[PDB]
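In structure tokens, one chain follows: the form deposited in one PDB entry.
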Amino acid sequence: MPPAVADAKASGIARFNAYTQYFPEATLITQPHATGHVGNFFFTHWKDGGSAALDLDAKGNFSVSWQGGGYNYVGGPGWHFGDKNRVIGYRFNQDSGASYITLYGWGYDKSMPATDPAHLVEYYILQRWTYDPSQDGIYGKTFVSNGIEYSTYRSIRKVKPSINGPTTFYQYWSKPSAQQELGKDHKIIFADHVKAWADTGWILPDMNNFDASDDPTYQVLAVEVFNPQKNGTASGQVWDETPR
């Protein structure tokens, strides 16, 4: 078995009802809520309605195809856990106009009180977008990572779905000053974004645990659509290029 699959199994990822299985080759995911592995690649896939399909191969090539409608979908491939030193590489090939093409993940500290919205955090490092989340959050700071300027925001989700079920939680955002181009390799140096959030006191709770009720504290390269007004597709390839 691929090593991340073996590691996830040996740490009890099957405890989650929504975790499907290891698929050795490539699979199409269309259900409302699923996680799993295709090859060594973890995936998440979640929507509150509508129709959206994640096609993922064992080399990390993927496509999300969505149908127009009033719903929210987010999904994509990566890792069953966040690592603050990971360097995510990707190339995005096609984008009909997703709401976000974004690094996407969660942290969760079961020992923190749920009255503190920092006990559970959904985080985003946008790369392409047709919805601007700045309007929903407070500004943190601007910084440079891999030669480009990102700006941070913190928003709150009040009684909303999460990896721990309905919860009030913070979202941390990092948005670059320009859309990232298709057809070229890009890097997300995750440590720079973790650092930038921490620089304004926005601490990520633990990103390497299966303590939440519904899903791991995963980290993926995701396509998200909010109320898409047309059918669309978005496709790319993700990998780990962390210096090791």
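Quick note: we count residues from 1 along the sequence shown, nothing fancier. Think of the rigid core as the biggest set of C-alphas that the two forms share within 1.5 Å after superposition.
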Do the C-alpha atoms of 56-64 or of 23-31 have the higher average B factor in the entry?
23-31
Per the PDB entry, mean CA B-factor is higher for 120-128 or 82-90, namely for 82-90
Scanning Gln171, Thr102, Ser162, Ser111 for peak Cα temperature factor in the entry gives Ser111
Here the Cα B-factor of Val38, set against its chain, lands in the third termed middle
Binned into thirds over the chain's modelled residues, the C-alpha B-factor of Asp199 lands in the highest
Looking at the temperature factor on the CA atom of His45, which third of the chain's modelled residues does it land in?
lowest
Could you look up the Cα B-factor of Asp215 in the entry and say which third of the chain it sits in: lowest, middle or highest?
lowest
What third of the chain, by the recorded C-alpha B-factor, contains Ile148?
highest
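Keep in mind the form deposited in another entry is missing from the figure; the text below concerns it.
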Give the option from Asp211, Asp199, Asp185, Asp48 whose C-alpha shifts by 2 Å or more between this form and the one not shown; the alignment is on the rigid core.
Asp48
Taking the rigid core as the superposition reference, indicate whether the CA of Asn93 shifts 2 angstroms or more between this form and the one not shown.
no
Rigid core aligned, does the Cα position of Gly69 differ by 2 Å or more between this form and the one not shown?
yes
